[PDB]
Amino acid sequence: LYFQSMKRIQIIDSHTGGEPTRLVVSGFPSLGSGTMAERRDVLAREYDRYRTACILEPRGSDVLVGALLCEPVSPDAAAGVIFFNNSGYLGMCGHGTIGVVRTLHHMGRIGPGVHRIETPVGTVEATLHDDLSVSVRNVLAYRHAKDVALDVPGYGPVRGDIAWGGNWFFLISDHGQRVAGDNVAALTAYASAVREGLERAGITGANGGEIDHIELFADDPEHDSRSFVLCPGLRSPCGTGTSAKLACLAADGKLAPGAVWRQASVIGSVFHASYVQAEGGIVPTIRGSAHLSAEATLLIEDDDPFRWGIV
Amino acid sequence: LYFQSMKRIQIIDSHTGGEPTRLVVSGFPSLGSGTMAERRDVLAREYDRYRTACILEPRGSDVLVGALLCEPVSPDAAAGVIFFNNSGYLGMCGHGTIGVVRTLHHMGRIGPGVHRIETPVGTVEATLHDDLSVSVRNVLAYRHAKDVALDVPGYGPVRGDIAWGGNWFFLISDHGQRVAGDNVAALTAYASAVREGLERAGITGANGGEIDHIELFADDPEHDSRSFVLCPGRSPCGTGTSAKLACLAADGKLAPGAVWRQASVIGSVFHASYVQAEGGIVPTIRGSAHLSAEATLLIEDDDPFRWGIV
Ligand SMILES: O=C([O-])c1ccc[nH]1
Ligand SMILES: O=C([O-])c1ccc[nH]1
């Protein structure tokens, strides 16, 4: 009676280098048995309130990426997923997939090895390593423009690359900033000023793509690079910028196909990557670690005005 | 072996008018059997990492208030609670107590009625109503200053009251804004400019207290008032009912025991009364908390942010 006064959605939360992913294990309505793309179309049209319940406050946050677990079409896939966020439905998500694969191991569904995950944009290949880190083959990445110059209000001129790695990035090495975990405020201020400069100048990705991620790179004594990424807003989910960086290295002849590249973030998260050439860019494979944060049942009470999230 | 590679903390999340509260049911270390204040001291000194695990990202957020459930000292109390947030440990929390009491009902520990909750700053009285809303007796509230004149940058002059209701509020009726749910951007910009003007002018609460909550009021066809509160930042906020009551009382606009009804721009409704006390009023505020989640927080030995991202 009271029990029946609220819906239940079972979830498992993880984070990959501090970016959160929420895997919905059960509690969404049936979306039929077509491809992930077709199931996503049903979810988006018939049951979008379930996305908002899971992602929006008070149950989630604007930086949260969600993934709905689905039984895949092919029996040789470990799972099917549909990714979503506070704005809508996504295609592929790199750091999210690391979370998903780690979570599937936590649930006891898979052991170390190669696994295929169905998505609305195609089947993703991933390797679960013995240490439970995951190598994920991401979408096609490429550099749109090299050494694009602008004046950063309050700081001065800089050049950077415009690159696509599932998100539009402006990538800068010669920024004069100290890239370290104890300097995030100064870095954030710099990168925000950069994004504003791009706006003012009307600098975009291909087809007017909004460059909403800024990445600052620096030498590092232990890795090939130390980076800081500024995420959309001051809000939407954040990439780590590894794929975009690889596309620039590849285009400049600094890194061959197959060569291993190692990047660390200012908060200490480490990523190892390689790429293979493809038509119109590179296909990068990125290894990273996700950690578990919670198992939960979200509760959606009939009389809660924000039961489907606060909009 | 795998199971033992991580700590588990059982929590229940609720929200009262969109403001979230996290009740920690189990998984913190023992804090002894002293008073709530003595247990708080042990927690703050020995086990503060447990607070950060719960409140900080990735498991929590800056606006989250936490509450650790403890076995009370008095057998006349339903529970004991230690409130905390991202910056540290709190005393009493009105909207948080609404969540706690609703949550105790969800756990099957209490039925509708009057209950006492021990806190580090004293025993709070609350009524759980049949509809599962809760009336909480809050801390002493009072008005510090009446009709303070202020130049709002980019807007022009206003009068406001400075009042304490668990927090320092600047309360304004003559703001010239439309106080409605679909107009939060403009309301936010205006309230921000107000707070900035308070800073510039050196206007504070008693003992130089920082005025970090701005509340804009307006007439409402269904209620005594419609309000918009600008919260600090980011960190949690109250909804300014107690502070408003204190000004109403001081102006002879609302008698002790008379019922006042206030709606927020997002639609949350609070009913309230007060009784006179030494140095101000003791308000009792009724509101509704809804359940958000039941969860087991997981703290892996190898996760670098296992105790929160600091
Ligand atoms: O930086 C990236 O593109 C990435 C892929 C998976 C995790 N990060
Ligand atoms: O002062 C308030 O807004 C309040 C709400 C719930 C308890 N106190």
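Note on naming: letters A, B, ... go to the chains in the order of the sequence lines (proteins, then strands), and numbering restarts at 1 for each one. Because only heavy atoms are used, hydrogens play no part in the values below, and waters and symmetry mates are left out as well, while side chains stay in.
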Counting heavy-atom pairs under 4.5 Å to chain A, which of B:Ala293, B:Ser292, B:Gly17, B:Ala295 comes out on top?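 Among B:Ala293, B:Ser292, B:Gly17, B:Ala295, the one with the most close pairs to chain A is B:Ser292.
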Do any N or O atoms from the side chain of B:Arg261 and from the backbone of B:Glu222 form a donor-acceptor pair under 3.5 angstrom?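 Checked: pair present.
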Spell out, as yes or no, whether a donor-acceptor pair under 3.5 Å connects the side chain of B:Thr103 to the backbone of B:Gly99.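 Present.
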At a 4.5 Å cut-off on heavy atoms, which part of [X] comes close to chain A: side chain, backbone, both, or neither?
X: B:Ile266; value: both
X: B:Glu294; value: both
X: B:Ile12; value: neither

Is [X] close to chain B through its backbone or its side chain, or both, or neither, when contacts mean heavy atoms under 4.5 Å?
X: A:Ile310; answer: side chain
X: A:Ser269; answer: side chain
X: A:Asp304; answer: both

Largest heavy-atom contact set with chain B, pairs under 4.5 Å, which of A:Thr297, A:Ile11, A:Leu298: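 When all of A:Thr297, A:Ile11, A:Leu298 are compared, A:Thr297 has the most.
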Flag this pair as yes if the NZ/CZ of B:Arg22 is under 6.0 angstrom from the six-membered ring centre of B:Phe84 and inside a 45 degree cone about the axis; otherwise no.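 Judged by the rule (NZ or CZ under 6.0 Å from the ring centre, within 45° of its axis), B:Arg22 is not positioned above B:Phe84.
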Could you tell me if A:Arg59 sits above the aromatic ring of A:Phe306, with its cationic atom closer than 6.0 Å to the ring centre and no more than 45 degrees from the axis?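 No, A:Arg59 does not sit over the ring of A:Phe306.
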CZ of B:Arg109: more than 12 outside heavy atoms within 6.0 angstrom?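 12 or below, so no.
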Inter-residue atom distance A:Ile117.CD1 - A:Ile110.CD1, 0.5 Å rounding: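 One gets 6.5 Å once the value is rounded to the nearest 0.5 Å.
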